[PDB]
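**Q** What follows is a single structure, and I will ask about it in a moment.
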Amino acid sequence: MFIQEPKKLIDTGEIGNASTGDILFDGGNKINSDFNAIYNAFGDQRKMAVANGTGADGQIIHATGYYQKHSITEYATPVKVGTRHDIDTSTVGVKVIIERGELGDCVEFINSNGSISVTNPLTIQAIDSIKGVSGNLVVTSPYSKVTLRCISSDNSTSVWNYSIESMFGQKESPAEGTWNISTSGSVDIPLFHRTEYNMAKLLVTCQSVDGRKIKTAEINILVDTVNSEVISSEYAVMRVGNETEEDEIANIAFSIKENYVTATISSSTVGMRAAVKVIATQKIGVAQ
Amino acid sequence: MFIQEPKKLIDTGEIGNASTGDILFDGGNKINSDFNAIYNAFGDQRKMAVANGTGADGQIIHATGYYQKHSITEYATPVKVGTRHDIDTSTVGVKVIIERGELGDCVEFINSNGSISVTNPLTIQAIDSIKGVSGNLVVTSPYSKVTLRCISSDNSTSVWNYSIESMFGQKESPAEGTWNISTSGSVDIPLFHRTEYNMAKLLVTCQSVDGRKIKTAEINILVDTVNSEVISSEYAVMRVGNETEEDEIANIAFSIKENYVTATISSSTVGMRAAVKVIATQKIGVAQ
Amino acid sequence: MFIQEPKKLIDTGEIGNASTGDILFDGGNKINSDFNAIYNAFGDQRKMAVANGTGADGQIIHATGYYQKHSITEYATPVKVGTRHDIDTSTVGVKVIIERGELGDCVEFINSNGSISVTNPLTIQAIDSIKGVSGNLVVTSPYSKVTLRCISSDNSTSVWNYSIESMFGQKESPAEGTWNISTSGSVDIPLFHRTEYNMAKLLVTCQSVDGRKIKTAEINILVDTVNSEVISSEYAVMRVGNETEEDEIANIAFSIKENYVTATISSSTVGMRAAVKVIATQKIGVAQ
Amino acid sequence: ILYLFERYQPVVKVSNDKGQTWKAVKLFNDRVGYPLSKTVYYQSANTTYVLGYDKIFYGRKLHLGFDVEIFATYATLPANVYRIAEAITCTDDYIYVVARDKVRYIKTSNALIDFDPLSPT
Amino acid sequence: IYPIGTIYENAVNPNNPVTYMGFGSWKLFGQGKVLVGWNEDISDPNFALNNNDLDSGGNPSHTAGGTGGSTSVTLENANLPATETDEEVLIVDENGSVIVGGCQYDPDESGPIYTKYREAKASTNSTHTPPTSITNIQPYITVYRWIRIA
Amino acid sequence: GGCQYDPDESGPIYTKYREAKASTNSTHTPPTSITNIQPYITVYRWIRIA
Amino acid sequence: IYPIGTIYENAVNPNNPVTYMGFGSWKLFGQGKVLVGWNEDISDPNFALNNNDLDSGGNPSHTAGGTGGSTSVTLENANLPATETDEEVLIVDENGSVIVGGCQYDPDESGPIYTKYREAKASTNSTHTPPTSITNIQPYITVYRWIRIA
């Protein structure tokens with residue numbers, strides 16, 4: 001970890017009315033160090049052991065930013081907030097000890113190769129507390145993302161709530177939205193391009209304009225590839241303004257239309273607000 | 001909010017052939033201001049009321065970046081896109097009024113302490129529109145993250161779709177992947193280290209090499225800690241190439257193997273693509 | 001795409017003891033170029049065709065960073081890692097060819113207007129591999145986010161696992177937490193402000209202090225707006241330390257209390273750890 | 001150094017010392033132009049502002065060995081007079097140039113005003 | 001010794017192995033094709049997956065039998081490194097330092113002729129369309145490859 | 001070298017050059033790579049290690 | 001199992017196979033050479049007709065043993081696709097503009113307000129004669145390869 005100073009600014013009351021070289025001799029010291037933090041932030045600080053971030057091999061800025069990789073010896077010291085780190089615990093489980101932070105202080109960290117396991121756990125000390133974490137949090141997750149945020153600093157109390165996320169995967173929802181069931185009492189909604197998912201799961205809520213009749217069902221669908229169909233399973237049915245134990249407040253029908261999985265949601269009731277939300281999906285790729 | 005100028009660059013046709021001090025006297029003005037945006041971006045702009053981001057107390061760069069905290073008086077003015085903000089509405093609900101943006105323009109904001117409530121809502125005006133939001137969006141969510149992105153700018157029309165996320169939590173999936181059911185007709189998949197979750201929920205789809213036989217079930221599991229078991233609930237069964245109403249196209253079996261929850265997915269059919277995807281999990285921590 | 005050099009640093013052994021102008025004449029060349037990467041990172045590189053990022057129209061820093069928009073001709077060349085891009089494939093499907101990366105190398109990309117479709121797909125070559133992707137990944141998703149991360153570089157092998165996310169939506173969980181069932185054997189938990197969701201889905205796991213009795217149910221709720229109620233559907237019941245096929249290890253009751261959806265989880269068993277986790281929600285907005 | 005120059009040709013005879021031996025250089029882009037009154041330049045603060053037949057070279061001060069001026073153009077100013085505009089006055093923050101009655105001025109800080117795609121550049 | 005899937009090689013013998021072996025159902029194989037270790041890895045852009053065995057999703061199975069490879073290659077622009085002239089040239093420039101275009105002659109023809117230089121790039125090798133190919137083939141020998149089908 | 005013509009031409013054509021070697025494929029950085037691999041097929045090769 | 005002409009390869013053993021085998025007359029074979037399926041379809045330019053076995057008229061026998069291929073390749077002009085400068089410049093030019101010196105510049109000042117140019121075809125890499133080669137060898141391993149001569 002190359003240490004950065006804060007911003008360090010030049011005196012313009014210097015220069016043309018004062019000794020040029022000297023006031024500049026100072027200014028470079030700033031400027032040089034000044035960009036260092038910049039490039040050390042968005043590039044490998046191990047590039048300082050190189051030409052000191054200079055040359056074509058020198059530290060470059062990543063619009064994505066860079067997650068600084070280092071030895072454990074450096075993280076053996078409380079590591080400052082605001083930093084992006086990438087460390088892989090394949091070698092061993094580590095503690096990443098973090099300074100007492102401030103409200104809003106962030107700590108971003110990752111294991112890119114996902115070497116983190118129980119055999120390769122990751123311990124963290126953010127001083128005086130981490131919300132939800134008694135003592136030091138341990139991280140066994142491969143391809144996880146360590147993000148700390150200090151939600152209280154106060155006087156002595158650095159309270160870090162904690163977020164962590166799998167660095168990869170398919171996290172999107174193909175279809176989420178809301179509409180009102182037409183005067184025709186139905187519609188057809190393209191859900192996803194028929195090829196995007198073998199499985200999806202969605203939740204539709206059909207609610208009256210006055211909100212009294214609101215329809216809910218548990219939608220589990222099997223996309224049928226060869227037949228260009230989608231097989232549904234509905235259950236756990238719930239209602240409020242239901243006037244009949246039969247299909248009520250609306251109806252849920254499915255289809256594949258225009259290379260889209262297309263749900264057809266029909267309500268005998270006019271002025272029914274239906275929010276179509278696909279909560280989870282699945283598709284099959286290659287083996288392994 | 002410390003105002004930044006854009007990049008402002010020095011003339012090298014100056015200097016050695018011209019008056020040194022003057023051309024430099026100008027250059028510092030750039031450079032000083034130039035780093036200001038930088039450090040004001042990645043550090044507290046309230047550090048300008050300090051030594052102006054200078055000294056050890058001065059603005060520092062956060063590889064994570066800094067979410068700028070301010071008064072409402074400043075957000076009482078349309079706030080420029082590209083900015084990271086942290087404001088806590090515990091004091092009061094606020095409007096954050098945003099300039100008309102450009103396609104791709106982002107606005108990042110958070111409440112770190114999560115003081116946002118209905119008693120502490122958050123209003124936003126991004127000029128001329130926010131996609132999905134009629135008028136000004138209000139945010140009552142604690143520990144939320146306000147991220148605006150302008151998905152249309154065009155001429156007058158700044159269209160902001162909107163993303164928001166809980167700043168914390170466990171967002172990972174322990175096991176997601178895909179494979180082909182072996183010539184043995186089954187396999188054993190470590191799901192998570194047996195201790196990682198008390199509950200998980202996953203979705204397996206077993207599809208033939210030619211895709212005609214595709215198996216789907218709704219997998220709800222209870223990890224059994226003391227017995228080192230996992231209790232399953234399967235229902236809402238769906239198929240396509242099913243030749244029998246009994247277990248068909250494949251079978252789903254569970255286990256805990258090698259300190260891993262281990263699902264054993266057995267298909268009498270060879271060449272069955274099975275995608276194992278754990279959609280949701282649960283584990284118990286400490287009380288409170 | 002404006003090309004950036006890496007960090008390029010000034011010699012202070014120059015200046016006051018050497019020819020001032022010359023050593024400076026050089027330094028500007030650095031400095032100018034040096035900020036260029038900076039502003040080109042966090043601002044439009046098409047602002048270089050402008051006053052070269054100078055003037056008020058010049059490139060500005062985005063604390064959020066900027067996703068660089070360009071022609072395809074530029075992405076017709078392997079595009080370096082670390083870059084944020086925004087391209088809209090409405091014009092046509094594109095390949096974004098990426099250099100062979102390093103472990104930890106990131107590539108961030110978006111389509112802000114979501115013009116990406118099957119008619120507007122997006123192809124990507126990250127050299128020698130992308131984990132899970134045979135050949136070049138294609139992206140048909142509107143409002144997606146292309147994030148590549150190189151999880152292996154090694155010698156020749158640039159292994160890119162891949163994350164992608166819908167640039168928008170409601171991704172938050174209103175209520176997630178854990179507690180121990182009281183000596184009273186129950187509690188009341190505010191889930192969300194009663195108005196936040198028409199639908200929610202949560203998962204509670206009630207586990208004994210010694211972990212032997214652990215209760216699990218599948219919680220599907222319909223928030224009742226007019227009656228200020230919440231309608232539940234429970235099914236797929238699973239247990240471990242259950243001593244009775246009836247309600248066992250705990251009980252799950254619901255309510256709306258203090259403008260909060262409030263679940264009341266009652267366990268006859270003392271010392272029961274209950275983790276309350278709301279996995280999915282739904283609310284209805286305006287039509288369209 | 002003394003700077004000796006033809007009115008139209010961007011060709012500059014340089015005179016280092018009280019006139020004995022001189023050199024010249026191109027050193028100017030284009031058409032140093034047609035001042036009436038035989039006063040080409042006004043030095044405002046650090047900036048020696050000279051006319052050009054088409055343009056305006058901005059003041060900012062090679063193998064001959066001693067330092068000099070080289071001026072690119074502040075821009076090609078002239079609106080609609082183009083040439084002539086006999087007189088050149090730059091007060092700090094203001095360029096001032098006039099053909100006939102029209103005086104047409106520029107604010108020179110960092111130039112307050114730039115131009116964009118419409119043709120010329 | 002030679003189970004199904006066995007590649008046999010005899011060099012000088014054109015005949016079916018079952019002729020000279022007296023055994024097996026033998027079929028010529030991999031002709032003009034080298035034999036490389038098929039990588040068990042799924043990483044190799046080449047020897048990971050079999051181009052020939054594709055799924056419904058057109059996805060190659062994890063198997064040997066992938067095919068491909070090229071004997072020769074023709075060059076195209078994108079492959080050519082950044083290059084430049086070996087001497088300086090008069091460069092069409094908007095903002096440049098070399099001023100020109102002022103002088104009369106034209107009519108009036110009495111004005112002697114200064115040579116009038118225009119505005120574009122100079123093509124290079126515009127006659128190779130496409131250019132001559134280069135071979136991709138390394139030192140080899142042709143051999144009679146026999147897989148035993150049965 | 002320049003005339004300037006004289007003042008008052010309708011032909012004041014001027015282009016301002018620069019003088020340098022003329023780059024080619026400066027956008028190819030590096031150039032697009034070329035494959036070295038001749039025709040083939042993939043097989044399971046085995047060494048007898050015992 | 002090893003008819004004459006059988007190609008045997010032991011990985012590590014340098015010795016004649018008859019040493020560790022006990023049988024056969026073996027010859028080292030295909031050194032610096034890859035084995036590639038010979039084709040009975042004459043259309044295969046390399047691996048159908050046998051270059052080394054020719055008839056009297058030099059028609060390559062259609063037989064195994066065709067050889068060829070190169071370890072590395074040096075590039076040449078015929079291989080170059082259409083190319084031109086990355087900028088606009090002057091290519092004499094004819095029609096154009098360019099000028100001489102009104103005031104008709106004559107002696108000192110000599111160099112300034114004057115430029116000497118020449119006209120010719122601009123060289124690139126003129127000092128690459130030849131250029132540096134690229135290898136044609138794909139990932140390999142050296143191996144002991146014995147053909148059985150008897």
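Chain identifiers are assigned as A, B, and so on, following the order in which chains appear in the structure tokens; residues are numbered from 1 within each chain, and ligands are numbered from 1 in order of appearance.
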Skip range 127-129 of chain B itself and residues of its chain fewer than 3 positions away, then list as a CSV table (one decimal) with C-alpha atoms, in the first residue's frame all residues within 8 Å of it, counting only C-alpha atoms.

**A**
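For reference, part_35.csv as written:
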chain,number,residue,atom,x,y,z
B,97,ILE,CA,-33.4,18.6,-6.9
B,98,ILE,CA,-31.2,17.5,-9.8
B,99,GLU,CA,-30.3,19.3,-13.0
B,100,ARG,CA,-31.6,18.1,-16.3
B,101,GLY,CA,-29.2,15.3,-17.1
B,133,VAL,CA,-41.7,8.5,-11.4
B,134,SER,CA,-44.5,11.0,-11.9
B,135,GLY,CA,-43.2,14.2,-10.4
B,156,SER,CA,-35.4,19.0,-23.3
B,157,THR,CA,-36.2,15.6,-21.9
B,158,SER,CA,-34.1,14.2,-19.1
B,159,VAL,CA,-35.4,10.8,-18.5
B,160,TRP,CA,-34.1,9.2,-15.4

**Q** Write out as JSON, numbers by chain each polymer residue whose atoms come within 10 Å of residue 215 in chain C, counting only C-alpha atoms; drop sequence neighbours fewer than 6 positions from it.

**A** {"B": [198, 199, 222], "C": [204, 205, 206, 207, 208, 237, 238, 239, 240, 241, 242, 247, 248, 249, 250, 251, 252, 267, 272, 273, 274]}

**Q** Taking only C-alpha atoms into account and nothing else, which residues of chain D lie no more than 10 Å away from chain C? Please answer as a ChimeraX atom specification.

**A** /D:110-117

**Q** Residues of chain D no more than 10 Å from chain F, counting only C-alpha atoms: send them over as a list in words.

**A**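 Residues of chain D within 10 Å of chain F, counting only C-alpha atoms: residues 8, 9, 10, 11, 26, 29, 30, 31, 32, 33, 34, 53, 54, 83 and 84 of chain D.
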
**Q** Output N, CA and C atoms of each residue in that selection to a file, as an mmCIF file, in the first residue's frame.

**A**
data_model
loop_
_atom_site.group_PDB
_atom_site.id
_atom_site.type_symbol
_atom_site.label_atom_id
_atom_site.label_comp_id
_atom_site.auth_asym_id
_atom_site.auth_seq_id
_atom_site.Cartn_x
_atom_site.Cartn_y
_atom_site.Cartn_z
ATOM 1 N N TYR D 8 2.591 43.071 -44.143
ATOM 2 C CA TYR D 8 1.738 41.958 -44.527
ATOM 3 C C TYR D 8 2.373 40.593 -44.295
ATOM 4 N N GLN D 9 3.628 40.422 -44.699
ATOM 5 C CA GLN D 9 4.287 39.126 -44.598
ATOM 6 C C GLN D 9 4.505 38.728 -43.143
ATOM 7 N N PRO D 10 4.055 37.552 -42.746
ATOM 8 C CA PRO D 10 4.418 36.975 -41.444
ATOM 9 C C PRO D 10 5.893 36.587 -41.365
ATOM 10 N N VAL D 11 6.767 37.574 -41.548
ATOM 11 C CA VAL D 11 8.211 37.391 -41.648
ATOM 12 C C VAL D 11 8.848 38.453 -40.763
ATOM 13 N N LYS D 26 10.309 33.421 -40.081
ATOM 14 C CA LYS D 26 8.876 33.344 -40.305
ATOM 15 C C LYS D 26 8.140 33.695 -39.026
ATOM 16 N N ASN D 29 2.491 32.906 -38.207
ATOM 17 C CA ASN D 29 1.700 32.147 -39.159
ATOM 18 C C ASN D 29 1.376 32.971 -40.392
ATOM 19 N N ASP D 30 0.445 33.907 -40.265
ATOM 20 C CA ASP D 30 -0.336 34.291 -41.428
ATOM 21 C C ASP D 30 -0.600 35.787 -41.447
ATOM 22 N N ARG D 31 -0.157 36.440 -42.522
ATOM 23 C CA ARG D 31 -0.590 37.783 -42.892
ATOM 24 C C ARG D 31 -0.636 38.767 -41.735
ATOM 25 N N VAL D 32 0.530 39.196 -41.256
ATOM 26 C CA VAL D 32 0.598 40.105 -40.122
ATOM 27 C C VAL D 32 -0.113 41.428 -40.397
ATOM 28 N N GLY D 33 -0.410 41.730 -41.653
ATOM 29 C CA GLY D 33 -1.550 42.570 -41.936
ATOM 30 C C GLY D 33 -1.294 44.048 -42.153
ATOM 31 N N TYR D 34 -2.356 44.811 -41.927
ATOM 32 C CA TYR D 34 -2.527 46.133 -42.524
ATOM 33 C C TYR D 34 -2.975 47.113 -41.453
ATOM 34 N N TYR D 53 -3.623 40.292 -40.910
ATOM 35 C CA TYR D 53 -4.446 40.716 -42.035
ATOM 36 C C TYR D 53 -5.810 40.046 -41.992
ATOM 37 N N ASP D 54 -5.806 38.732 -41.826
ATOM 38 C CA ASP D 54 -6.976 37.970 -41.422
ATOM 39 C C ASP D 54 -7.180 37.920 -39.909
ATOM 40 N N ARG D 83 -10.571 41.848 -42.952
ATOM 41 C CA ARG D 83 -9.386 42.672 -43.001
ATOM 42 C C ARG D 83 -9.679 44.093 -42.540
ATOM 43 N N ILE D 84 -8.681 44.945 -42.761
ATOM 44 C CA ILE D 84 -8.641 46.330 -42.311
ATOM 45 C C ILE D 84 -8.716 46.310 -40.789
#

**Q** Would you kindly return, as a PyMOL selection string, each protein, DNA or RNA residue with an atom no farther than 10 Å from any atom of residue 63 in chain G, considering only C-alpha atoms and excluding same-chain residues fewer than 6 positions away?

**A** (chain E and resi 11-14+142-144) or (chain G and resi 38-40+42+47-54)

**Q** For CA of residue 281 in chain A and CA of residue 146 in chain B, quote the distance in Å rounded to one decimal.

**A**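 Atom-to-atom, CA of residue 281 in chain A to CA of residue 146 in chain B, that is 25.6 Å.
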
**Q** How large is the C-alpha RMSD when chain E is optimally fitted onto chain G, using all Cα positions paired one-to-one in sequence order?

**A**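 Overlaying the two chains on their C-alpha atoms yields 2.1 Å.
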
**Q** As a PyMOL selection string, please: the residues near range 124-137 of chain G (cut-off 7 Å, only C-alpha atoms, same-chain neighbours under 3 positions excluded).

**A** (chain E and resi 84-86+136-138) or (chain F and resi 36) or (chain G and resi 70-75)

**Q** Write the selection just made, keeping C-alpha atoms, as a short mmCIF file (atom, residue, chain, number, x, y, z; two decimals), in the first residue's frame?

**A**
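File written: result_5.cif
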data_model
loop_
_atom_site.label_atom_id
_atom_site.label_comp_id
_atom_site.auth_asym_id
_atom_site.auth_seq_id
_atom_site.Cartn_x
_atom_site.Cartn_y
_atom_site.Cartn_z
CA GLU E 84 4.59 5.52 -40.34
CA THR E 85 6.63 7.05 -43.10
CA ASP E 86 10.40 7.06 -42.64
CA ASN E 136 0.29 -21.17 -41.55
CA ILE E 137 1.79 -24.64 -42.09
CA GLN E 138 4.81 -25.68 -40.02
CA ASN F 36 -0.71 -19.54 -35.71
CA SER G 70 7.91 -23.64 -42.10
CA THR G 71 8.87 -22.95 -38.49
CA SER G 72 8.65 -19.16 -38.90
CA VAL G 73 7.51 -16.61 -41.47
CA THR G 74 9.01 -13.30 -42.62
CA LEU G 75 6.44 -10.88 -44.03
#

**Q** Can you pull out every residue from range 77-186 of chain B that DSSP, working from the backbone, puts in strand (DSSP E), and format the result as a ChimeraX atom specification?

**A** /B:84-86,94-98,106-110,122-126,137-138,145-152,159-164,169-170,176-181
